[PDB]
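Participant: Quick one: the structure is below, and I'll ask about it shortly.
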Amino acid sequence: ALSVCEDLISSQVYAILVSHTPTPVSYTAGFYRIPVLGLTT
Amino acid sequence: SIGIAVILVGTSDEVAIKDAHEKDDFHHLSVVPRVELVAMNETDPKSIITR
Amino acid sequence: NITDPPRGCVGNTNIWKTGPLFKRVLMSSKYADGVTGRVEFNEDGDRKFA
Ligand SMILES: *[C@@H]1O[C@H](CO)[C@@H](O)[C@H](O)[C@H]1NC(C)=O
Ligand SMILES: *[C@@H]1O[C@H](CO)[C@@H](O)[C@H](O)[C@H]1NC(C)=O
């Protein structure tokens with residue numbers, strides 16, 4: 001999540017992609033309610 | 001000296017938490033607490049994790 | 001009636017008003033030609049008739 005804010009969210013991001021619990025990503029997206037689609041889960 | 005990190009946000013009396021913090025000292029404890037005082041503004045999860 | 005999500009995490013408590021709508025669009029989304037072929041979603045928006 002740290003790199004999600006600093007690296008990711010700071011970029012004004014519409015969506016993200018994930019693979020591999022990866023769940024923390026969704027925790028972040030959710031506090032931001034931002035749809036995100038990964039692959040492998 | 002078991003650590004405990006107390007955290008508050010917004011308008012609150014810190015010296016009161018200090019008051020009751022020192023007020024309770026009991027040999028009933030088999031270990032001494034290590035009291036810590038912390039405060040923060042923002043609710044952003046990331047920075048919360050950071051501190 | 002479109003906006004943009006926040007840049008910095010710090011100090012921003014407001015969710016982006018349109019996010020759910022964007023989601024629903026993702027729900028209604030039907031791609032006829034993919035690399036893997038057609039793609040579908042369920043009530044939870046999950047690949048169906050795969
Ligand atoms: C918290 O906010 C106050 C004013 O709103 C500010 O003076 C203080 O520096 C902030 N705390 C930190 C750690 O920046
Ligand atoms: C927000 O979007 C709706 C839907 O198109 C539209 O009524 C208008 O752009 C905005 N709402 C209002 C009440 O102006």
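Ligands are numbered from 1 in the order shown, residues from 1 within each chain, and chains are lettered A, B, ... in the order they appear in the structure tokens.
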Using only C-alpha atoms, find each residue in chain B having at least one atom no more than 12 Å away from region 5-26 of chain A; report its shortest atom-to-atom pair and that distance in Å (one decimal), rows by chain then rising number, as JSON lines.

Facilitator:
{"residue": "B:44", "atom": "CA", "partner": "A:5", "partner_atom": "CA", "distance": 9.9}
{"residue": "B:45", "atom": "CA", "partner": "A:5", "partner_atom": "CA", "distance": 9.7}
{"residue": "B:46", "atom": "CA", "partner": "A:5", "partner_atom": "CA", "distance": 7.2}
{"residue": "B:47", "atom": "CA", "partner": "A:5", "partner_atom": "CA", "distance": 9.4}
{"residue": "B:49", "atom": "CA", "partner": "A:5", "partner_atom": "CA", "distance": 11.9}
{"residue": "B:50", "atom": "CA", "partner": "A:5", "partner_atom": "CA", "distance": 11.7}

Participant: Using N, CA, C and O atoms, can you write the selected residues to a file as a tab-separated table (two decimals), in the first residue's frame?

Facilitator:
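Here's the written file selection13.tsv:
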chain	number	residue	atom	x	y	z
B	44	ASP	N	-5.37	9.13	6.70
B	44	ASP	CA	-4.97	8.34	5.54
B	44	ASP	C	-4.27	7.06	5.98
B	44	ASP	O	-3.25	7.13	6.68
B	45	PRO	N	-4.77	5.90	5.59
B	45	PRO	CA	-4.21	4.65	6.12
B	45	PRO	C	-2.71	4.56	5.95
B	45	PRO	O	-2.00	4.15	6.88
B	46	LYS	N	-2.20	4.97	4.79
B	46	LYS	CA	-0.79	4.82	4.49
B	46	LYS	C	0.07	5.49	5.55
B	46	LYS	O	0.88	4.84	6.22
B	47	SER	N	-0.12	6.80	5.73
B	47	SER	CA	0.69	7.52	6.70
B	47	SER	C	0.48	6.97	8.10
B	47	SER	O	1.41	6.96	8.92
B	49	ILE	N	0.00	3.79	8.91
B	49	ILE	CA	0.95	2.69	8.92
B	49	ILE	C	2.36	3.22	9.08
B	49	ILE	O	3.19	2.63	9.79
B	50	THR	N	2.66	4.34	8.43
B	50	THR	CA	4.01	4.88	8.46
B	50	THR	C	4.43	5.21	9.89
B	50	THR	O	5.43	4.70	10.40

Participant: All residues within 10 Å of ligand 1 are required, counting only C-alpha atoms and all ligand atoms; please report them as a PyMOL selection string.

Facilitator: chain B and resi 9-10+39-42+51

Participant: For chain B, work out the contacting residues on chain C at 10 Å, counting only C-alpha atoms, and write them as a ChimeraX atom specification.

Facilitator: /C:8-13

Participant: Within 9 Å of residue 22 (chain C), counting only C-alpha atoms, which residues qualify if same-chain residues fewer than 5 places away don't, as a list in words?

Facilitator: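 So the residues in contact are residues 34 and 35 of chain A; 27 of chain C.
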
Participant: What is the CA of residue 27 (chain A)-CA of residue 3 (chain A) distance in Å, reported with one decimal?

Facilitator: 13.4 Å

Participant: Applying 8 Å and only C-alpha atoms, which residues near residue 15 (chain C) remain after dropping the ones on its own chain fewer than 4 positions away? List them as JSON, numbers by chain.

Facilitator: {"A": [31, 32, 33], "C": [5, 19]}

Participant: Please produce a file of those selected residues containing N, CA, C and O atoms, as a PDB file, in the first residue's frame.

Facilitator:
ATOM      1  N   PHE A  31     -10.506   1.723   0.191  1.00  0.00           N
ATOM      2  CA  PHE A  31     -10.509   3.008   0.875  1.00  0.00           C
ATOM      3  C   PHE A  31     -10.560   4.141  -0.132  1.00  0.00           C
ATOM      4  O   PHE A  31     -11.076   5.223   0.169  1.00  0.00           O
ATOM      5  N   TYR A  32     -10.039   3.915  -1.330  1.00  0.00           N
ATOM      6  CA  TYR A  32     -10.248   4.853  -2.415  1.00  0.00           C
ATOM      7  C   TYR A  32     -11.378   4.444  -3.338  1.00  0.00           C
ATOM      8  O   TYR A  32     -11.674   5.172  -4.287  1.00  0.00           O
ATOM      9  N   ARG A  33     -12.010   3.298  -3.091  1.00  0.00           N
ATOM     10  CA  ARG A  33     -13.146   2.831  -3.880  1.00  0.00           C
ATOM     11  C   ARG A  33     -12.816   2.740  -5.362  1.00  0.00           C
ATOM     12  O   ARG A  33     -13.711   2.812  -6.207  1.00  0.00           O
TER      13      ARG A  33
ATOM     14  N   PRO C   5      -9.985  11.254  -9.539  1.00  0.00           N
ATOM     15  CA  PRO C   5      -9.614  10.803  -8.204  1.00  0.00           C
ATOM     16  C   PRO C   5      -8.490  11.652  -7.641  1.00  0.00           C
ATOM     17  O   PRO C   5      -7.806  12.366  -8.388  1.00  0.00           O
ATOM     18  N   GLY C  19     -16.780   6.436  -8.793  1.00  0.00           N
ATOM     19  CA  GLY C  19     -16.179   5.126  -8.806  1.00  0.00           C
ATOM     20  C   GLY C  19     -17.171   3.999  -8.992  1.00  0.00           C
ATOM     21  O   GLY C  19     -17.011   3.142  -9.870  1.00  0.00           O
TER      22      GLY C  19
END

Participant: Which residues sit within 10 Å of ligand 2, counting only C-alpha atoms and all ligand atoms, listed as a tab-separated table (two decimals) with C-alpha atoms, in the first residue's frame?

Facilitator:
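Final output, saved to part_17.tsv:
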chain	number	residue	atom	x	y	z
C	1	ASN	CA	-20.59	14.85	-14.68
C	2	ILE	CA	-17.07	13.53	-14.42
C	17	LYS	CA	-17.94	10.14	-6.40
C	18	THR	CA	-18.12	8.27	-9.70

Participant: What is the CA of residue 29 (chain A) to CA of residue 30 (chain C) distance in Å?

Facilitator: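 According to the coordinates, CA of residue 29 (chain A) and CA of residue 30 (chain C) are separated by 23.2 Å.
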
Participant: Just list as a ChimeraX atom specification whatever in chain A DSSP marks as alpha helix (DSSP H).

Facilitator: /A:2-3,24-31

Participant: Could you take the residues named above and write them with N, CA and C atoms, as an mmCIF file, in the first residue's frame?

Facilitator:
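Contents of part-v7.cif, as written:
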data_model
loop_
_atom_site.group_PDB
_atom_site.id
_atom_site.type_symbol
_atom_site.label_atom_id
_atom_site.label_comp_id
_atom_site.auth_asym_id
_atom_site.auth_seq_id
_atom_site.Cartn_x
_atom_site.Cartn_y
_atom_site.Cartn_z
ATOM 1 N N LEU A 2 1.983 1.223 0.714
ATOM 2 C CA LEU A 2 2.883 2.368 0.690
ATOM 3 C C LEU A 2 3.236 2.751 -0.737
ATOM 4 N N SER A 3 3.763 1.798 -1.499
ATOM 5 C CA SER A 3 4.098 2.094 -2.882
ATOM 6 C C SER A 3 2.846 2.331 -3.712
ATOM 7 N N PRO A 24 -4.358 -6.797 0.447
ATOM 8 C CA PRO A 24 -4.028 -5.402 0.774
ATOM 9 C C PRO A 24 -4.217 -4.423 -0.371
ATOM 10 N N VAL A 25 -3.833 -4.803 -1.588
ATOM 11 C CA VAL A 25 -4.074 -3.948 -2.745
ATOM 12 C C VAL A 25 -5.524 -3.506 -2.771
ATOM 13 N N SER A 26 -6.426 -4.474 -2.690
ATOM 14 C CA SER A 26 -7.842 -4.152 -2.710
ATOM 15 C C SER A 26 -8.223 -3.308 -1.509
ATOM 16 N N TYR A 27 -7.606 -3.556 -0.354
ATOM 17 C CA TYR A 27 -7.864 -2.684 0.786
ATOM 18 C C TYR A 27 -7.609 -1.237 0.408
ATOM 19 N N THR A 28 -6.475 -0.987 -0.238
ATOM 20 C CA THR A 28 -6.157 0.370 -0.652
ATOM 21 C C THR A 28 -7.184 0.884 -1.643
ATOM 22 N N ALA A 29 -7.353 0.155 -2.743
ATOM 23 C CA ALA A 29 -8.284 0.576 -3.776
ATOM 24 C C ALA A 29 -9.649 0.885 -3.188
ATOM 25 N N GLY A 30 -10.041 0.136 -2.167
ATOM 26 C CA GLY A 30 -11.343 0.249 -1.554
ATOM 27 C C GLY A 30 -11.476 1.480 -0.696
ATOM 28 N N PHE A 31 -10.506 1.723 0.191
ATOM 29 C CA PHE A 31 -10.509 3.008 0.875
ATOM 30 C C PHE A 31 -10.560 4.141 -0.132
#

Participant: Find the distance between CA of residue 41 (chain A) and CA of residue 33 (chain C) and write it in Å to one decimal.

Facilitator: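 We find that CA of residue 41 (chain A) and CA of residue 33 (chain C) lie 23.1 Å from each other.
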
Participant: Write out as a list in words which residues come within 8 Å of residue 3 (chain B) when counting only C-alpha atoms, dropping same-chain ones fewer than 6 positions away.

Facilitator: residues 33, 34, 35 and 36 of chain B

Participant: Could you please take those selected residues and save N, CA and C atoms as a PDB file, in the first residue's frame?

Facilitator:
ATOM      1  N   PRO B  33       5.098  -1.356  32.790  1.00  0.00           N
ATOM      2  CA  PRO B  33       4.752  -0.829  31.471  1.00  0.00           C
ATOM      3  C   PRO B  33       5.718   0.257  31.037  1.00  0.00           C
ATOM      4  N   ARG B  34       5.981   0.301  29.737  1.00  0.00           N
ATOM      5  CA  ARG B  34       6.687   1.419  29.128  1.00  0.00           C
ATOM      6  C   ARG B  34       5.639   2.283  28.442  1.00  0.00           C
ATOM      7  N   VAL B  35       5.367   3.442  29.018  1.00  0.00           N
ATOM      8  CA  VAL B  35       4.302   4.311  28.541  1.00  0.00           C
ATOM      9  C   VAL B  35       4.848   5.182  27.421  1.00  0.00           C
ATOM     10  N   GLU B  36       4.079   5.314  26.347  1.00  0.00           N
ATOM     11  CA  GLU B  36       4.443   6.163  25.227  1.00  0.00           C
ATOM     12  C   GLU B  36       3.252   7.023  24.845  1.00  0.00           C
TER      13      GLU B  36
END

Participant: Could you pull the residues within 12 Å of residue 17 (chain B), counting only C-alpha atoms, minus those fewer than 3 positions along the same chain, as a list in words?

Facilitator: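 Residues meeting the cut-off are residues 6, 7, 8, 12, 13, 14, 20, 21, 22, 23, 24, 35, 36, 37, 38 and 39 of chain B.
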
Participant: Write the residues you've just listed into a file as a PDB file, in the first residue's frame, and include C-alpha atoms for each of them.

Facilitator:
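Full text of result-v1.pdb as output:
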ATOM      1  CA  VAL B   6      -1.000   5.607  22.951  1.00  0.00           C
ATOM      2  CA  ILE B   7      -2.368   7.579  20.015  1.00  0.00           C
ATOM      3  CA  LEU B   8      -4.941  10.359  19.742  1.00  0.00           C
ATOM      4  CA  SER B  12      -7.930  16.174  23.329  1.00  0.00           C
ATOM      5  CA  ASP B  13      -6.232  16.604  26.687  1.00  0.00           C
ATOM      6  CA  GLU B  14      -2.809  15.007  26.480  1.00  0.00           C
ATOM      7  CA  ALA B  20      -4.093   8.823  34.634  1.00  0.00           C
ATOM      8  CA  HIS B  21      -0.981   7.393  32.965  1.00  0.00           C
ATOM      9  CA  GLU B  22       1.186   8.173  35.994  1.00  0.00           C
ATOM     10  CA  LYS B  23      -1.725   7.757  38.414  1.00  0.00           C
ATOM     11  CA  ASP B  24      -1.705   3.959  38.106  1.00  0.00           C
ATOM     12  CA  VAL B  35       4.302   4.311  28.541  1.00  0.00           C
ATOM     13  CA  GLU B  36       4.443   6.163  25.227  1.00  0.00           C
ATOM     14  CA  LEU B  37       2.504   9.182  23.998  1.00  0.00           C
ATOM     15  CA  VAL B  38       1.675   9.838  20.352  1.00  0.00           C
ATOM     16  CA  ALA B  39      -0.702  12.016  18.362  1.00  0.00           C
TER      17      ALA B  39
END
